[PDB]
Every structure is written in structure tokens, then in C-alpha cells.
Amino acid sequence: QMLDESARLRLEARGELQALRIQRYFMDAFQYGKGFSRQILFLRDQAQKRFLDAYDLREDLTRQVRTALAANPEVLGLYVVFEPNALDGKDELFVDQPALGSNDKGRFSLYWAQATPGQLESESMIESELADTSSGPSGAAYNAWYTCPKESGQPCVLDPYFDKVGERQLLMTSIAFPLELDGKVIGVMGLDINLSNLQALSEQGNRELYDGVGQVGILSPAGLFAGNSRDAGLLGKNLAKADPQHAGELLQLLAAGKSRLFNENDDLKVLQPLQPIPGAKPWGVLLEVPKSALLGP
């Protein structure tokens, strides 16, 4: 039977298409963040060249972070952190100025968030929070949304982790940017993305995939579910919870950016890795569809 080969090719292509969809979602947010970081660095340069004073600058940044978050209802939070005195050399003047995005040490450390689109509240991140290395569900340090682009000089897409919005703990990922001046990192900017958005993405793609007869899952590099059309209760959970026998193999395939098909009863599984942004560690889509659907009516 040459039936099995056509079923494999179809699912491989479906796996590729689903990865394109997830990649586009991440890349749209990456575009938006990259464009806004230029606005941040320009304002910083206007103040460095004394065309703009520090009080107006910190006010301007604080307002424009909020406006840029309000403009993208796909984004959960927007944070901006500068190294000490690296925004304007004037941190000492803004100690405990949260209405100007300045924290307990005057460092410009600003967050705007919208738990639902439009309920914009703000926080100035204190030093102990910027330095909190507590391990999360993936093993990664809590403050990787700050230290990751600062250490590499490159953007990062964190594994799912819990963070505070309002006074609730939400499960999320972030696209975090280094703010570089002449090849040196002077600060960090980042977009927070509610994992419920990726859960919706995996459900919507499953509906378009043979009328939802199978399932679509989204895997972060560390192997946490960022989306699972069959059970949202798997958000933030390790792949071994749903796929113990192949968890280990699936994760090394993922990290090596290798695709693979799996035969199981009369169902097919495909793991399709994907880079969410350029150079990022591969995420993946896991697709399972019964063979009878692939060789459909």
C-alpha cells in the first residue's frame, strides 16, 4: 500500500503549515518590539545630546510604553529596564518615582500590563525583583526576561514561566530585547505574551485541521506545553505528562531542530520544530491525526 506514504507527506506538510502559523505570531510581536526599541533608544539619544531633559525623557518613555502596549491587544505586558545610570546618568534624581518609571534606586525600570486589553496598570520593578533568580517550571531563572538578552546581546524567547500582573500570577512567555549602544547592552526591553493566546492558537489551528479530529500541541525548548488543543490543563506542564514514552526523544529532536514522523496505532504524529524569532532555540508543534483523516473522503 502506497497509502501510508501519502499520509506521511500530507501530515508533514500540515506540520510545516502549523509551524508557519506559530512562527508568524511570534514574528509579528518581534517586529512590533524591535520597532518600539528604536523609539526608546532615540529618546535616550535626544537626552544624551541635551535636546531633551531627563524629566521629560522619563515622562516620555513612561507614556510611550503605555501607548505602545495599548496599540497591540495581543500583548500582555511591556517592560523597559536600563542599567544603573545608563538612561541619563541621573538615577539619583528619580529615586521612588514610579509615575516616571523609576524604582527604589532611581533606575528606570518600567512595566505596563493589561490583564485584558485596555485595563492598563503599571509597576516599577525594584532591584530585588530584577535580581530574583528563582527557578521556574522550565528550570530557567525567573529574571531571564532581563538577564537573557543582557548576557547574550541577542533577543530571547523565554520558556513558559509565572509572573505577576496586577496581583495575580499568570503563565506567560516573553520576547526580550537587548538595548544596545555601540555594541554594548545598556538595557533590556520585552513583550509579555499570555500563554492563553498560544492555547487559543493551538485550538484554532486544530479546528482547521481535519475538523479537529486530531490534536495540536505547542512545545517550548524546555518541553513545556505552550498550547494543547486537547487539554488546556497541560499549559506549563512537561511533555512527559502527555507523552512519557517519547518525551526524551522528542526533546532532543526539538533541540536539534529535526523533524520526525511517528507511527502509533492508526494515528500519525509529527514533530515540526520552529524558530520563533531569528537564531532562537527551536520551539515545536506536535500534530497527531488519525490515518483515516489524512486519506480522507
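Start at 1 with the first residue shown and count on from there.
On average the C-alpha atoms of 264 to 272 have higher B-factors than those of the other stretch, with 239 to 247 and 264 to 272 being the two compared. Between 107 to 115 and 149 to 157, it is 149 to 157 that carries the larger average Cα temperature factor according to the deposited entry. Set against one another, the Cα B-factors of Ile175, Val95, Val188, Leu78 in the record reach their highest point at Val95. Annotation for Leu286: CA B-factor lies in the lowest third of the chain's modelled residues.
Among all modelled residues in its chain, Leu195 ranks in the lowest third by Cα B-factor. In the deposited entry, the Cα temperature factor of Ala54 places it in the lowest third of its chain's modelled residues.
Looking at the C-alpha B-factors along this chain, the one for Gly257 belongs to the highest third. Ranked by C-alpha B-factor against the other modelled residues of its chain, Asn228 falls in the lowest third.
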